[PDB]
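Two forms, one chain: they're shown below as structure tokens, one block per form, named structure 1 and structure 2.
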Structure 1
């Protein structure tokens, strides 16, 4: 009688977040005290940056897609206590100060927990905690065209800096760390959130876990 962990990985702009968000919307799970399906984001677990790390982040020279940018120790400790059925405190990152807010999110033992992140399967110890591993596979240049429109129309970034960072940081980090972990996935979901047959296949299964 433990929480069912489902790990979700894939490249940036592949549709991870929309896939998981569509699942819980489809179940209807959005009371936080009594919710049975919950979503954890790797983005919650960014390390606290030093003043040298803060300063390069302003000049765009920090690599937020590198595994060194994330608190693997915290992620493992948080996800182990979740499989042990405890309540855990999820950090709330303040990107302005590039540190953690003292205030923190409280998540209770849910029957199924979704953990989505680009490097979710990177660490083996974290990787063995997942009962089910899902990989959102969409084409490298399809993902790029999505990320470019997101960063301009939603975040208002400069086009050249977008593409320069993608080639310097995002692309290598995905090819060196993320994509090597595709083989660890039990089930591969192509094309992301538009793939409704795959989403409904996952949706029903979570209810069967919720039903019994």
Structure 2
């Protein structure tokens, strides 16, 4: 029943902002949580719980959060399957500042349209096949690195050199090995991320049509 839209692109490409803008333009930020018609799920909500050793390494920017193994892919698939079945689900909340899953959770009631966004949203064939539309937010790597540096220092309490070390060591290689090869599965490529008002209004209009019947 629900129409699932998968959204991918590299880190800091604008995935989160594109999805947030779409939902805001659809007037969903005003709808009762129990009656939202369009919701956004982030693949990062499903990052795995780290062991003491792993967290230690994460604090030093030495843990690989960009490899498919960093995510609980079974939980992702099972949650998406339940959503397609019209079931109400609970989604974990991840804290990038402490590299941990919070205690609080977000309950997702049956929706008509679901946006699932993540750096590896198209990595798994099973997950891919669940999407009726696949969008890829394409932003150059150097541009994304500049955005990631500014974002991580000002929002995630990260140190510049740690960010750059983590990026060169893990983010870049994993993006090239696991994310780029999935771009070919996208139906539509969106450049300029959240500043692309034309592409965004196009998706908004399409979703509204789907909502109207």
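Positions refer to the first chain, counted from 1. Each form is matched to the other, and the largest set of C-alpha atoms that superpose within 1.5 Å is called the rigid core.
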Query - Listed options 52, 68, 175, 186; Cα moving by 2 angstroms or more between structure 1 and structure 2 (core superposition) - result: 52
Query - Shift of residue 131 between structure 1 and structure 2 at or above 2 Å (CA, core fit) - result: no
Query raised in the report: Is residue 141 one of the residues whose Cα moves 2 Å or more between structure 1 and structure 2, with the core superposed?
Result: no
Query raised in the report: Core aligned, does the CA of residue 101 move at least 2 Å between structure 1 and structure 2?
Result: yes
**Report entry** Cα displacement of residue 156 between structure 1 and structure 2, core-superposed (Å)
**Finding:** 3.8
Query raised in the report: By how many angstrom is the CA atom of residue 90 displaced between structure 1 and structure 2 after fitting on the core?
Result: 1.1
Report summary line: Superposed on the core, the Cα displacement of residue 116 between structure 1 and structure 2 in Å comes to 0.3
